[PDB]
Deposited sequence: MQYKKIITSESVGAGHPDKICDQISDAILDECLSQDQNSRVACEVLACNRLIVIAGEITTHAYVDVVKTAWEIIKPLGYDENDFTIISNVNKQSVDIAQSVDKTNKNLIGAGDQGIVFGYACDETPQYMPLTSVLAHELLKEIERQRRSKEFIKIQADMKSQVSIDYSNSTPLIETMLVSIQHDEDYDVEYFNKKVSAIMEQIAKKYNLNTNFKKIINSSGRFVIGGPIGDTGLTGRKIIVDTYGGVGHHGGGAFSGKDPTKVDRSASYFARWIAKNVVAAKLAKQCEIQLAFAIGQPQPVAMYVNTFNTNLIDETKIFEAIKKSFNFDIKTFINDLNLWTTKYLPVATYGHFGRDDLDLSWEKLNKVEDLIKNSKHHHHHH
């Protein structure tokens, strides 16, 4: 059969139940870090049918109404006080940085897009962002906030082709299918044209045949059940830690950002076409207990000199890299939709190409 090399990634919209939970988790975190930059937050959410359970462990001087915050995320998606029961079992308290958990994180970067992210990811996110922009401006009417995208790209040749764009969008009972299909097709062609790609791909629109019920209603959502949508869409490895609802002292989050920041800067500095960085942690240890730099035989100089330049260019102290990425004063709600990485539409510290100068100098040029 032989074929072809076909890589695929997905995204989900703000109304997807798994992502409602990530949004509520990070909104509660943002509320705490506003008032108290020393807040400890480990906030998890279950959205099951018409019951939302907010849980976890918070230490903060901040006044926070976890239920009120949850409604502030839900209401804009079109729900009202009649749609959910929302309850808290959150345990709230007052009063060098060692890791607070064991575990592994992965940073990843490549040169396929201006975002230094895989093309599959970028196209999947961009589809849903444009559909959501059009929903808010009423350019695309009679749709709702729960949606999913999936983009398959054919890497058989020098130049990537789009093989398939798939979309599922929650629609009103009384929608016009002809209108809806035309709107989605034109949006798919618009996104393709924006990354200068082929226009002639297979289009799969609402293949289930009907999508009126969405969000948590027939269904379940939980915090940290979109950890691949949140990262590198199956192109990069993952250590298993979820991001949303965690303050910067959880190395699951801050080290994953730190590693992205390295990877992106390694590729930007033309040391490699792709770079993946594994950090492992041990409870009480102020630096990663282990490190692996994978460059997938795309290194443009010696693998050994890349490793040297990374060790010389970055501080691996957890407290220090937390401060260097201003993670205590970063807004997290914006990265709870459409991924944590390559957000040319945001202003994330870990996406800044402010270490290329240092890597070039520290690579014996």
item: Unmodelled intervals of the deposited chain, in order; value: 96 to 107, 378 to 382
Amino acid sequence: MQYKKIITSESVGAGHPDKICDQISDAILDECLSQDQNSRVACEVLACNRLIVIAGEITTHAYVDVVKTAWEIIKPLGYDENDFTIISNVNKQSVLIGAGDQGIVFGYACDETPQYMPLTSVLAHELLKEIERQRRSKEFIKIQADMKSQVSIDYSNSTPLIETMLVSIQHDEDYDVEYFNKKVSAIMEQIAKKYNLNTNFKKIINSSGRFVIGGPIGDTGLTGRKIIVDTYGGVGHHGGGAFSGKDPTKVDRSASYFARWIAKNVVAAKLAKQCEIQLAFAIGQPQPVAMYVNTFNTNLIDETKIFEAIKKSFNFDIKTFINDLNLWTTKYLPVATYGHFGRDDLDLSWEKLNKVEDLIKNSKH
From here on, numbers count along this sequence of modelled residues.
query	finding
Stretch with the greater mean C-alpha B-factor as recorded in the entry, comparing 282 to 290 against 85 to 93	282 to 290
Greater mean Cα temperature factor according to the PDB record, 295 to 303 or 44 to 52	295 to 303
Top residue by Cα temperature factor, when 167, 105, 272, 143 are compared in the entry	272
Entry-reported Cα temperature factor of residue 217, expressed as the chain third it lands in	middle
Third assignment of residue 72 from its chain's C-alpha B-factors	middle
Within-chain third of residue 111 by Cα B-factor, per the entry	middle
Residue 66 CA temperature factor, ranked by third within the chain	middle
Position of residue 137 among the chain's modelled residues by C-alpha B-factor, lowest, middle or highest third	middle
